[PDB]
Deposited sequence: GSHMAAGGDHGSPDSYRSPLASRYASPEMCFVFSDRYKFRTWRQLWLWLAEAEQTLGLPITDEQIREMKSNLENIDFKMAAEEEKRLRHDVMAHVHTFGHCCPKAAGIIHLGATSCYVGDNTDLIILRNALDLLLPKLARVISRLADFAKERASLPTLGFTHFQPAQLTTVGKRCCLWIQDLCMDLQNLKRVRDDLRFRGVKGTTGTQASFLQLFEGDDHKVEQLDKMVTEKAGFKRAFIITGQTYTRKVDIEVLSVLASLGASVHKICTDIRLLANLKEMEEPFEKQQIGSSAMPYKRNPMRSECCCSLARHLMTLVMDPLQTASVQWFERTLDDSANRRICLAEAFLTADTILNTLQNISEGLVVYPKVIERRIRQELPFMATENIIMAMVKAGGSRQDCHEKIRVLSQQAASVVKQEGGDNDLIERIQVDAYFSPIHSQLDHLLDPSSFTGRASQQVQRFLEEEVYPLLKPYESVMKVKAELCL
């Protein structure tokens, strides 16, 4: 990762998985440059430019044989990123030197590489998000019936289930999964367009034949594995593309942050905890992996303003005031999302529920929500008011003298509630207060979640 004598990005050197790091590495970047020049030359041969099979063979064998030292020093001399690599690749491919980058300009390698990078980055996030959704869905099913105190205003609300509450987190990740897939499939190749998008150099190279330029653009698009290319660009693809991508990651950021806020709140209530590793026979447990996910999700929300501002200040066919900003924020958003999903998969595998803790809290709150079922079970005016005064004193005891709720007791002795004694244990059954929470979990998993997850069954 490098020396401690200098600053190191905590995302690469500490947080993110090596795979995502490699996608944004200089090796991947410059390999892809060489790959693009190969596809270019191959297509140009087919279209009748003087390129031999020996020159193609030379380029194919030397895609990974990159001299970084020599390339960086040639940049210093030629003050050009692309020209330096054209020359370097030429030195290790002496037969091909005269045909590399023929007709093209800088953005053929620069911009198309970012597109290939963008796509590859989404492709690694997809199964990670799919794997989180699946494990939460496992958990959702097991705890689909378990009654838990609902919360609105973070206050005692009617009963829900742990499996129901989990399905709220799952659905947000599902909207995100659908969004990531939609953006990945819509990405288009820039292809060959020239300095200003007019294909003027390539038109001159193919001595004025429009049809040949059209074919060239089709051929590299397909070699690159892209279904579609832009008809219209300036020098580069429209920077709107980066907004579309980072908007969805920002949206994922906000969903994750919400999931982790919930878990941190439940971990205070002792109702649920993060998984442990290295475990066996501490009381105090910090939800550190959830606090980490929040911290990083935040940064993922912040980054969306960068591509927005960039897109707004692009003058005409392009200005280079996007270049540096894009080298930073694109990498960060993906490495940030990658980390979040790796850490979120850990949290989701074995979430620890504490049933008796959840049952205790419910018992403290249920007699204040069961009052209506007591009245509609007596066969109204003197039963709405005579139970109310008992609630007055029981609510006065809980707040003014912090402790247990004894409303059950106050009814269990009063003469007025004579017949309703025989049916109190059934009237205070927690599951009868949970509504369709169980039915809803089931139907959600079968109609929405399972159809979505199936294309990912190979890797779990």
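Absent C-alpha positions map to the deposited sequence ranges 1 to 9, 291 to 295, 394 to 398, 480 to 487, in order along the chain.
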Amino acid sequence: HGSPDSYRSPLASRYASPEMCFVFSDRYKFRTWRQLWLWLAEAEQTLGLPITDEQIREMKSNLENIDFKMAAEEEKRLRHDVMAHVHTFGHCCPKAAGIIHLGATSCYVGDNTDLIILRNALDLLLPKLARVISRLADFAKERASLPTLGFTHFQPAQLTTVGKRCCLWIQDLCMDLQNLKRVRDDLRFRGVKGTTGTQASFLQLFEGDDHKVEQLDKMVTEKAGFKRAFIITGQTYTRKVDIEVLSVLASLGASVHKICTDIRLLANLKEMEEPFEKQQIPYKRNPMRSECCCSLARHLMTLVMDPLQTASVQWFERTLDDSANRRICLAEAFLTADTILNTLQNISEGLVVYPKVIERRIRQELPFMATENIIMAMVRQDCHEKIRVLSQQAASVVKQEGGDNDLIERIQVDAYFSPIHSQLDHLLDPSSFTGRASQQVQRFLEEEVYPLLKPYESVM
From here on, numbers count along this sequence of modelled residues.
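Looking at 352 to 360 and 293 to 301 together, the entry lists the larger mean B-factor for 352 to 360, computed on C-alpha atoms. Note on 388 to 396 vs 56 to 64: mean CA B-factor is higher in 388 to 396.
Within the listed group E274, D111, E317, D186, the record reports its top CA B-factor for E274. Ranked by C-alpha B-factor against the other modelled residues of its chain, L308 falls in the lowest third. In the PDB entry, a CA B factor belonging to the middle third of its chain's modelled residues is recorded for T160.
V23: CA B factor in the lowest third of modelled residues in this chain (values from the PDB entry).
Ranked within its chain, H421 lands in the highest third, by CA B factor from the PDB record. For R410, the recorded CA temperature factor ranks within the highest third of the chain's modelled residues.
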